[PDB]
There are 2 protein chains.
Amino acid sequence: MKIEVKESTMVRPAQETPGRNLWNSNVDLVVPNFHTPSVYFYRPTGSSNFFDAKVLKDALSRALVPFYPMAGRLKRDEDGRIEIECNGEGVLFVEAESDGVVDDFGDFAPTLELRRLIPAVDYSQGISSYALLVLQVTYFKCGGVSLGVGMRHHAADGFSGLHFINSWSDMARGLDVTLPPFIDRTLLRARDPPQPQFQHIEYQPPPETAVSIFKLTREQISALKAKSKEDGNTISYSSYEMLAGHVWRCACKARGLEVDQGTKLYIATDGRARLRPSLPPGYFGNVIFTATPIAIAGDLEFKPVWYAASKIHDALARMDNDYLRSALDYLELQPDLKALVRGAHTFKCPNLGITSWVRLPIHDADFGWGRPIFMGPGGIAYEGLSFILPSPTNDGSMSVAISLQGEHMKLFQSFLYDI
Amino acid sequence: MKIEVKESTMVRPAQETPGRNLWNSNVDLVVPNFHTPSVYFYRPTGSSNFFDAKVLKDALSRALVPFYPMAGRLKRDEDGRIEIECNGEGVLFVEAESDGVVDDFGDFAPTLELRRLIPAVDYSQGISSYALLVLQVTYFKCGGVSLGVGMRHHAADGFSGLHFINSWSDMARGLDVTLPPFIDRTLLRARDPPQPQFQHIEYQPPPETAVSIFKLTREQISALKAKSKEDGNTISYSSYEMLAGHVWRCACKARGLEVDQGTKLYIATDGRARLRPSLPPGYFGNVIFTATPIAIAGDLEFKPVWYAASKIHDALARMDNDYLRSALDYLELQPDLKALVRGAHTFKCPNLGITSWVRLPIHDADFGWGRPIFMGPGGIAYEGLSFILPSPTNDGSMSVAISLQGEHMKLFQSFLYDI
């Protein structure tokens, strides 16, 4: 069902904010143009002012005071490096309406259908033209509402963007920001001189699509974790390791790769706790590093799930302060950072990528009318990319959203639920 | 030219040696039946008693006193585990003669031709039948001599077998053993209870042939090491890392693997210095562990040699005391150790294996008539296996002995000398 635009506003900060050219660290620069957009769904409560646009716009405005750089624009320094000009220009807030309803979306799988709930940007007018944040509220025929979110990635990672949405929602409820952002990315300066200690494969470029979401209950996760006993393995891995291993292996098995073929899994990892000393709480920026375990598909399939899990485990444990400092230094010495961005090539078969939203507060956005019944990626831009979502109800379950070739999706599902 | 057997003797220790059932550690058990056999070549000196068989047999006899278990036989304990029965039965010493000459062997490449200089064993009569050590001295028409050596691997690794040959040669010169062997493999007991910390892929079984030797001078090794600067890499690797990387990559490139294909390199590594506390000097046994770096052939080829070198570097640095203790414990928990032996499957294309004799005293065997002009593997049992040899003259050069499919050998050579 078509989606009509009712109203559009460039929401500026509630009062004047200070100016500043906000320096971008190397991990702020090695990101795609835009974050994976996100979508929330809420159910009507009966209340007459359910998601009152005015209440929201004002709330947005007030939130953009402590989070001022979010109202900024991308510009370049003397050296061609990208920085955020804190000019207070603001964020785009769009009011839309649909003749269809919320159940029309079913399982909320991140198909193309969902992109229509986030606004489309003209990222073809120069880098200073467009907003860092676009927000869309869509009003539904059965009283339901979706909030849709697009954030240009140079502004911040998912952890920091969500810090902002959440704080916006607190403000709607007449609260102040519980934890004010700390704004200074120079804490991620490379060392001088830059002296890398590893090779960083994660950053060296290689020289009909279906999308689905599959729920796994608390009991299936638990059964799945228990497979760590198979063939007398004595080492326990976490639920995440086993489930991410299981996803990798199901993808390999369903894609039908040969025994002797290589598969790289790309894993996104939050540096916030790994760094020493650790960042200030509410650090506003990007802090995602990448672990890339590598395997022969023969091994992954023909060994128990715990093998795949063990590769994910090793790769992640390696991501300590030394590795991350080294990766900052590695990036410092590279001639062109945008050359190193992972495109549609990176995840095509036989490779894969997996992001976990499990530790993200994706469900804390209560604007005064309750928590969302779902929050998820609003569209998947590439085949071979998958997301893992905690339960909107804290009932131990988890979903796997993933895009593959449509041919592989039937076997993929078959193998996922073989527990 | 045919090789005729003149005389055969089962050389027992010079006097009575003590009895003992010598326990085998887990790394003593996860070895093939026989070591790669070795061959030495010496030039005539003019002396009338050049390699006098009698002088040698007596010397052997005297050496087998401190190294008594070498004169032993394999037997099994109550549990079916293999141990060495120290019964003094002795070592086979064979005297042969050839109508051909030493130059007939040319570059000394480990072809089938060289197997004929080591005696053939009847390893088809039960495990107590045959000797642990067989030695052959061949006398040549131009006055030259080859010593050929076969050692059943349960007895010891190359480091320990060479400790023995060398000590034998000292004794021929009327010297005693410079460093007496320490005999007790219980220093490599697994922990109780056994608690592995890693998965040990090295030990989990997968579920027309040419042989050549290529010399690389001190200057080519040196040029090759210098390639570590390419594309602004700031990390230096050793000569060994770069040359082993280079060998791996040349093999991949010459075999003509696809971009997306996996290649495992198997690397033999001496645990003697890595363990904490370190073994006693002259430790008599096996102490070889295995590092297995893994790659996509696309990356190896299409990146500079230093990438391949960096994988070998990481894999080797991981081999610390914790990893080795963990690998002992891993083996303790496995139901069948002979199941885990690397066969002809392990090294076939697209995989490879590389052993380095660079730190081995392969040239110290002077029996009173000088050091050998060559020492090397006397035959290569599998395609995909390669050896690296230090210079018989300490002139900085190194050779690469390797077996491949004959088709790949021409390109292999081409790519090896592209420096």
# chains A, B, ... in the order shown; residues from 1 in each chain; ligands from 1

$ residues_around --residues "residue B:370" --least-positions-apart "6" --cutoff "12 Å" --atoms "only C-alpha atoms" --output "JSON, numbers by chain"
{"B": [40, 41, 42, 43, 44, 45, 46, 47, 50, 51, 145, 169, 170, 172, 173, 363, 364]}

$ interface_residues --of "chain B" --to "chain A" --cutoff "6 Å" --atoms "only C-alpha atoms" --output "list in words"
residues 260, 261, 262 and 296 of chain B

$ write_last_selection --atoms "N, CA and C atoms" --output "CSV table (one decimal), in the first residue's frame"
chain,number,residue,atom,x,y,z
B,260,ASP,N,38.9,-18.0,-4.9
B,260,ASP,CA,38.0,-18.3,-3.7
B,260,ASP,C,38.3,-19.6,-3.0
B,261,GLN,N,39.5,-20.2,-3.3
B,261,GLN,CA,39.8,-21.5,-2.8
B,261,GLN,C,40.7,-21.4,-1.6
B,262,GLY,N,40.5,-22.4,-0.7
B,262,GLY,CA,41.2,-22.4,0.6
B,262,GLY,C,42.5,-23.2,0.5
B,296,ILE,N,42.7,-17.9,1.8
B,296,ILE,CA,42.1,-17.9,0.5
B,296,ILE,C,43.2,-17.6,-0.6

$ select_by_dssp --residues "stretch 79-218 of chain A" --states "helix (DSSP H, G or I)" --output "number ranges by chain"
A: 102-105, 112-115, 153-155, 158-172, 185-188, 201-203, 218

$ residues_around --residues "residue A:356" --least-positions-apart "6" --cutoff "8 Å" --atoms "only C-alpha atoms" --output "PyMOL selection string"
chain A and resi 268+387-389

$ atom_distance --atom1 "atom CA of residue A:18" --atom2 "atom CA of residue A:76"
18.9 Å

$ atom_distance --atom1 "atom CA of residue B:348" --atom2 "atom CA of residue B:380"
13.0 Å

$ closest_residue --among "A:23, A:357, A:93, A:266" --to "residue A:202" --atoms "only C-alpha atoms"
A:266

$ decode --residues "stretch 112-142 of chain B" --atoms "N, CA and C atoms" --output "PDB file, in the first residue's frame"
ATOM      1  N   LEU B 112      63.040 -40.705  -5.951  1.00  0.00           N
ATOM      2  CA  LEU B 112      62.979 -42.132  -5.623  1.00  0.00           C
ATOM      3  C   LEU B 112      64.360 -42.764  -5.684  1.00  0.00           C
ATOM      4  N   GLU B 113      65.171 -42.281  -6.619  1.00  0.00           N
ATOM      5  CA  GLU B 113      66.552 -42.718  -6.762  1.00  0.00           C
ATOM      6  C   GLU B 113      67.285 -42.805  -5.406  1.00  0.00           C
ATOM      7  N   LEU B 114      67.067 -41.838  -4.505  1.00  0.00           N
ATOM      8  CA  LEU B 114      67.794 -41.790  -3.230  1.00  0.00           C
ATOM      9  C   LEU B 114      67.307 -42.791  -2.206  1.00  0.00           C
ATOM     10  N   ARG B 115      66.049 -43.213  -2.301  1.00  0.00           N
ATOM     11  CA  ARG B 115      65.550 -44.226  -1.362  1.00  0.00           C
ATOM     12  C   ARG B 115      66.474 -45.449  -1.367  1.00  0.00           C
ATOM     13  N   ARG B 116      67.022 -45.780  -2.543  1.00  0.00           N
ATOM     14  CA  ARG B 116      67.946 -46.926  -2.706  1.00  0.00           C
ATOM     15  C   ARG B 116      69.239 -46.844  -1.857  1.00  0.00           C
ATOM     16  N   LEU B 117      69.563 -45.677  -1.319  1.00  0.00           N
ATOM     17  CA  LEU B 117      70.714 -45.545  -0.409  1.00  0.00           C
ATOM     18  C   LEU B 117      70.372 -45.794   1.085  1.00  0.00           C
ATOM     19  N   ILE B 118      69.079 -45.894   1.415  1.00  0.00           N
ATOM     20  CA  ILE B 118      68.600 -46.302   2.757  1.00  0.00           C
ATOM     21  C   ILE B 118      68.015 -47.722   2.646  1.00  0.00           C
ATOM     22  N   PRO B 119      68.271 -48.591   3.639  1.00  0.00           N
ATOM     23  CA  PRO B 119      67.750 -49.963   3.565  1.00  0.00           C
ATOM     24  C   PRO B 119      66.224 -50.001   3.600  1.00  0.00           C
ATOM     25  N   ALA B 120      65.654 -51.049   3.009  1.00  0.00           N
ATOM     26  CA  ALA B 120      64.210 -51.270   3.031  1.00  0.00           C
ATOM     27  C   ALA B 120      63.825 -52.158   4.229  1.00  0.00           C
ATOM     28  N   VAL B 121      62.759 -51.793   4.948  1.00  0.00           N
ATOM     29  CA  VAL B 121      62.357 -52.550   6.149  1.00  0.00           C
ATOM     30  C   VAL B 121      61.113 -53.394   5.922  1.00  0.00           C
ATOM     31  N   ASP B 122      61.077 -54.557   6.571  1.00  0.00           N
ATOM     32  CA  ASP B 122      59.875 -55.388   6.614  1.00  0.00           C
ATOM     33  C   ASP B 122      59.023 -54.943   7.814  1.00  0.00           C
ATOM     34  N   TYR B 123      58.327 -53.815   7.653  1.00  0.00           N
ATOM     35  CA  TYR B 123      57.407 -53.312   8.678  1.00  0.00           C
ATOM     36  C   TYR B 123      56.052 -54.028   8.563  1.00  0.00           C
ATOM     37  N   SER B 124      56.099 -55.272   8.080  1.00  0.00           N
ATOM     38  CA  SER B 124      54.931 -56.145   7.938  1.00  0.00           C
ATOM     39  C   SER B 124      55.173 -57.506   8.618  1.00  0.00           C
ATOM     40  N   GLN B 125      55.674 -57.458   9.855  1.00  0.00           N
ATOM     41  CA  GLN B 125      55.933 -58.661  10.656  1.00  0.00           C
ATOM     42  C   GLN B 125      55.574 -58.473  12.143  1.00  0.00           C
ATOM     43  N   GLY B 126      54.805 -57.422  12.451  1.00  0.00           N
ATOM     44  CA  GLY B 126      54.503 -57.035  13.834  1.00  0.00           C
ATOM     45  C   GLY B 126      55.478 -55.966  14.297  1.00  0.00           C
ATOM     46  N   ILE B 127      55.125 -55.233  15.354  1.00  0.00           N
ATOM     47  CA  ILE B 127      55.898 -54.041  15.745  1.00  0.00           C
ATOM     48  C   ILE B 127      57.224 -54.329  16.463  1.00  0.00           C
ATOM     49  N   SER B 128      57.341 -55.514  17.066  1.00  0.00           N
ATOM     50  CA  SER B 128      58.588 -55.945  17.750  1.00  0.00           C
ATOM     51  C   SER B 128      59.680 -56.523  16.835  1.00  0.00           C
ATOM     52  N   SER B 129      59.352 -56.737  15.555  1.00  0.00           N
ATOM     53  CA  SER B 129      60.245 -57.415  14.596  1.00  0.00           C
ATOM     54  C   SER B 129      61.466 -56.571  14.188  1.00  0.00           C
ATOM     55  N   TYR B 130      61.186 -55.304  13.870  1.00  0.00           N
ATOM     56  CA  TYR B 130      62.128 -54.443  13.166  1.00  0.00           C
ATOM     57  C   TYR B 130      62.840 -53.417  14.058  1.00  0.00           C
ATOM     58  N   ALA B 131      64.004 -52.989  13.582  1.00  0.00           N
ATOM     59  CA  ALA B 131      64.856 -52.080  14.321  1.00  0.00           C
ATOM     60  C   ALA B 131      64.296 -50.658  14.265  1.00  0.00           C
ATOM     61  N   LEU B 132      64.645 -49.856  15.266  1.00  0.00           N
ATOM     62  CA  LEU B 132      64.249 -48.449  15.261  1.00  0.00           C
ATOM     63  C   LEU B 132      65.114 -47.640  14.318  1.00  0.00           C
ATOM     64  N   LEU B 133      66.354 -48.094  14.108  1.00  0.00           N
ATOM     65  CA  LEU B 133      67.296 -47.378  13.312  1.00  0.00           C
ATOM     66  C   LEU B 133      67.932 -48.282  12.298  1.00  0.00           C
ATOM     67  N   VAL B 134      67.958 -47.835  11.064  1.00  0.00           N
ATOM     68  CA  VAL B 134      68.667 -48.582  10.045  1.00  0.00           C
ATOM     69  C   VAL B 134      69.651 -47.577   9.464  1.00  0.00           C
ATOM     70  N   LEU B 135      70.884 -48.033   9.238  1.00  0.00           N
ATOM     71  CA  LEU B 135      71.936 -47.207   8.678  1.00  0.00           C
ATOM     72  C   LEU B 135      72.574 -47.939   7.485  1.00  0.00           C
ATOM     73  N   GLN B 136      72.882 -47.216   6.407  1.00  0.00           N
ATOM     74  CA  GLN B 136      73.556 -47.800   5.227  1.00  0.00           C
ATOM     75  C   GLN B 136      74.735 -46.941   4.805  1.00  0.00           C
ATOM     76  N   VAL B 137      75.896 -47.570   4.706  1.00  0.00           N
ATOM     77  CA  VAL B 137      77.045 -46.914   4.103  1.00  0.00           C
ATOM     78  C   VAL B 137      77.276 -47.471   2.693  1.00  0.00           C
ATOM     79  N   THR B 138      77.211 -46.602   1.684  1.00  0.00           N
ATOM     80  CA  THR B 138      77.427 -47.003   0.299  1.00  0.00           C
ATOM     81  C   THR B 138      78.770 -46.450  -0.191  1.00  0.00           C
ATOM     82  N   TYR B 139      79.589 -47.335  -0.754  1.00  0.00           N
ATOM     83  CA  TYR B 139      80.908 -47.011  -1.304  1.00  0.00           C
ATOM     84  C   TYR B 139      80.822 -46.857  -2.833  1.00  0.00           C
ATOM     85  N   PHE B 140      81.383 -45.751  -3.310  1.00  0.00           N
ATOM     86  CA  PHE B 140      81.227 -45.300  -4.672  1.00  0.00           C
ATOM     87  C   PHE B 140      82.495 -45.487  -5.485  1.00  0.00           C
ATOM     88  N   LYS B 141      82.317 -45.613  -6.800  1.00  0.00           N
ATOM     89  CA  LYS B 141      83.393 -45.958  -7.732  1.00  0.00           C
ATOM     90  C   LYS B 141      84.495 -44.901  -7.765  1.00  0.00           C
ATOM     91  N   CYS B 142      84.132 -43.632  -7.566  1.00  0.00           N
ATOM     92  CA  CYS B 142      85.120 -42.543  -7.524  1.00  0.00           C
ATOM     93  C   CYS B 142      85.655 -42.240  -6.122  1.00  0.00           C
TER      94      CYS B 142
END
